[PDB]
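Shown next as structure tokens: one chain only, the form deposited in one PDB entry.
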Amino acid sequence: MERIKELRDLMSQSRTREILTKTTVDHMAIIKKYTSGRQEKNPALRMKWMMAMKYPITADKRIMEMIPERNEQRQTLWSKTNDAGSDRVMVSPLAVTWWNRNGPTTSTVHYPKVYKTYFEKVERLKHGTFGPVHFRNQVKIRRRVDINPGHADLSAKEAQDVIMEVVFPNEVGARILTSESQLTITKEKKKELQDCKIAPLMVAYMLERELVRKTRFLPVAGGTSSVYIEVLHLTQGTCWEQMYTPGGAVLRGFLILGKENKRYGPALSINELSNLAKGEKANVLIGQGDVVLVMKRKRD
């Protein structure tokens, strides 16, 4: 496969081989920050300049299999070129509009589920009620208020735990596999997002947004509840107050028995640990690539 061949190619050269063999999985993130690029100063002017070009957008390789080269008016949608560093072909906004008006249609059923917070915002605004405006001196006291309503008030650590369990089931670390009980929210989200083609990174980001608690230091002149903070712009002002009412298997219990033991067979994956027996000891790749010998928790 392209991935393993590219790994071999990287390991061929001396410096890349040394960095791969030396840096541990812990320090990977560190070397992720050694970017050789350059952020564009004043990206607004850069965008204004680009949009006057012919092909300022970067699609991927597969676009050429679906979007035709030219439309009815013979305007070229994408060009047989490449970006500066990858095989991302050059395309034009005409291609985006062509996809939006003629591209394949799918079923957007998971979008309300994944973006639940935004649609909850919409529903709260839709069912709200409005009162008269009162003009007078405004004295807003500044205090810490919550930002996102409907959250589970989950700790960032535990929110990340749930996100890893749901989005990336077969990359959970030793802590998850060694735990005794599974949170109900995790199972509910796993059932809710079974067949979800949305990018797993987007799903993880939305889950973290919807499960973590966030607070900000804001002035307030009326209610302090979270539902009253999202509409702070609409309700309170410098010299006016607007009266608004808002409208709203079990892969756990495993003990590590040391490092990889080749006598016990090839390393498995987490997702297939359910097929083990009551006391069978196997080799599993946990975390981001750590092979360990594991056994089921017999004699709880």
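The term rigid core refers to the most C-alpha atoms you can superpose between the two forms while keeping them within 1.5 Å. One rule holds for the numbers: they count along the sequence shown, beginning at 1.
Absent from the display: the form deposited in another entry. The rest refers to it.
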> For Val109, is the CA shift between this form and the one not shown at least 2 Å following rigid-core superposition?
Replying inline: no
> Using the core for the fit, does the CA position of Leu207 change by 2 Å or more between this form and the one not shown?
Replying inline: no
>> Superposing on the rigid core, is the Cα displacement of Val122 between this form and the one not shown 2 Å or more?
In response: no
>> Between the shown chain and the other structure, the Cα gap of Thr35 to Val89 differs by 3 Å or more. Is it closer or farther in that other deposited form?
In response: farther
> Since the CA distance of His151 and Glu180 differs by 3 Å or more in that other deposited form, is it closer or farther than in the form displayed?
Replying inline: closer
